[PDB]
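Single chain ahead, by itself, as structure tokens, in the form deposited without 2'-deoxyadenosine 5'-triphosphate (DTP).
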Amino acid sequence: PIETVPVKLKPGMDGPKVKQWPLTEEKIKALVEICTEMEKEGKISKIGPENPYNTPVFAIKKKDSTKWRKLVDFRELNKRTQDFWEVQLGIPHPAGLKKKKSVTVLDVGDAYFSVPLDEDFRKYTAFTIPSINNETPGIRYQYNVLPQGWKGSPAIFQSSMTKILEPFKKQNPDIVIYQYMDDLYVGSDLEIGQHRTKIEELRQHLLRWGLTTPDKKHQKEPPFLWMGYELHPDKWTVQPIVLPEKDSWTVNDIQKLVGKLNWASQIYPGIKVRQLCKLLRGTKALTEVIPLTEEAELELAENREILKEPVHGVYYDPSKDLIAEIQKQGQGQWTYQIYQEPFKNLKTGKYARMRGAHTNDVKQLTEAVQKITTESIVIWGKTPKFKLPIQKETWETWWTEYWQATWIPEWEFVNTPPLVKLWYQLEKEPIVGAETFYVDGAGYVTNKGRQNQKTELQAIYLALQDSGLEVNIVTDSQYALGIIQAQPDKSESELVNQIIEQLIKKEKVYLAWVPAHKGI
């Protein structure tokens, strides 16, 4: 017998009350048959007319087996119920699973009909099975056991299973039991001979506490197909991914394609989806057809080529240290690889650039490092030792000049194309013997005598070409001044592209701000 959890309605809300619309004769015959069987087993107990609460029943014949089953809509009952700690919604990532000699999948059977329910709350879960016409008011039933579809069934069953499994985990500490939904995943380092005995002992424990489990013969054998992951004995791979070859492409098709490619990126290295997501920028009808641009077609060709090869990941041995490599890609794509030993990869991924944002490659690298750090914390619990393209001196220059606070875990320098380094290379002091420049948002006034926010950007660009290699400029606008300051090597905007192209060649360019002043 399992102790019940105290559950109550939300403060100030009465029990559900809904009326049951009439149903056909075949449906009521099936419903009374199944309900009488359940009452004989004991899940539902008939209650008299004292209870005024009703929750309607809808009879459905599932296409398989041609049998009429019962589905009760508890939506109203779910609304009129105390809040419960949401069950964890993140599936265990296969990368963090430490390899064990034998692993079994024990799927508990009819669990929500085995964990019981609180006596006070049994009253509101009353459903009516109508009689033919109005000869009798009908049959009235209540639920002694946890209903299906109720808000709190997952949390209550999870707590019940945890309490039942706790003493077994205390007695046998080597066995590791993962819980996800109803199933219990059990893994022990023991040989198969003792492991079968231990799994039988777990089954008998759950049977003495009332939870049925599958038999020894019916337990699944490797490989396992779980939430899109194929878990082999010594490798984890995503399920076979078939990219659609449809010539026509709808917004829904592109959404599915991007979702599939993002799911594939976790093991497949080099999957690029940036162009497709740019195709999906704006809202459109799912029937609306967006033609594949040339850039997106190139992206889909390279992605399909990558998906042709099979790639497999490896599980986690805690002794060795995690190592993360970030490899630069075109534009703002950043492919990151996590591997404990070389050429065997635990997980691959991508960091897409901030949509509609132009930033320095070093700042994008910093964001990528932070994303890797948080993902590694969540999955494994330790931050990796990074291996980054950027040179230490470039990082130090940007770190000291930048106004925010940026830190990166222990990292080292890997030599590979491309290498991230600063391009603007601005200085902070005026140059003697160099032309001194004034800009006003496209006119230029000069010591030599030579004579809206984007306009200042245009004006500050015009300053560079005229002056030459060594320049000293002052700008009337802090916006253009900040654009040149930010050292944006992304070159997303066209005007900024022009400015960077002209700036890279120059040997020494220093720019300062002069406020507008009363008088000449």
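All residue numbers are counted from 1 along the displayed sequence.
Here the subject shifts to the form deposited with 2'-deoxyadenosine 5'-triphosphate (DTP) bound, a form of this protein not shown in this document.
Put simply, of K62, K46, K29, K40 only one has a heavy atom within 4.5 Å of 2'-deoxyadenosine 5'-triphosphate (DTP) in the entry with it bound, and it is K62.
With the partner omitted here, the residue from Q148, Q82, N447, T197 that has a non-hydrogen atom within 4.5 angstroms of 2'-deoxyadenosine 5'-triphosphate (DTP) in the entry with it bound is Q148. Under a 4.5 angstroms non-hydrogen atom cutoff, 2'-deoxyadenosine 5'-triphosphate (DTP) in the entry with it bound has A111 among its neighbouring residues. In the entry with it bound, at least one heavy atom of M181 sits within 4.5 Å of 2'-deoxyadenosine 5'-triphosphate (DTP). Although the partner is absent here, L71 is a contact residue: one of its heavy atoms lies within 4.5 angstroms of 2'-deoxyadenosine 5'-triphosphate (DTP) in the entry with it bound. Proximity of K217 to 2'-deoxyadenosine 5'-triphosphate (DTP) in the entry with it bound falls within the 4.5 Å heavy atom cutoff.
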